[PDB]
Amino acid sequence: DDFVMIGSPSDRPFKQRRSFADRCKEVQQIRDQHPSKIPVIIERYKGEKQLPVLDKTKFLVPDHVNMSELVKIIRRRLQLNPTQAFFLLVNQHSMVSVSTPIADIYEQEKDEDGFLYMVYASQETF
């Protein structure tokens, strides 16, 4: 009979929701309109159990902003209490330096589409 559907379209990660060519195009358009900003996708770790869900996951971040600054922004957007453990991990679960400007992180860790992808979780994974 009918399938029982588990999960919805909007539950899919950004890479699945937009075609590769469309993601490329968005990056190129955003660079031209905002040349000093880095396009970042920040998603919740699939296996997370403690942290709340970020609703808006696409950010445009000034070239100079470092990960310490970015982490403070995401904690704020998530309305976390200061005692809640939180990690922001880049590309393949990477702990990057917290002083390096994100423009430099970008050249090292950006995806083939031109986005810089990050995941947040309560612990480092993995």
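Here, rigid core means the biggest group of C-alpha atoms that superpose within 1.5 Å across both forms. Note that residue numbering follows the sequence shown and begins at 1.
With every structure aligned by its rigid core, 79-87 is the stretch of 79-87 and 24-32 whose CA positions lie farther away in 8 other deposited structures of this protein.
A fit on the rigid core, followed by a root mean square over CA positions in 8 other deposited structures of this protein, ranks 111-119 against 98-106 and picks 98-106 as the more shifted one.
Relative to one another, 17-25 and 111-119 have unequal mean CA B-factors, and 17-25 is the one with the higher figure. Judged by mean Cα B factor in the deposited record, 92-100 ranks above the other of 92-100 and 36-44. The PDB entry gives the largest Cα B-factor of the residues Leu51, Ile74, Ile30, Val65 to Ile30.
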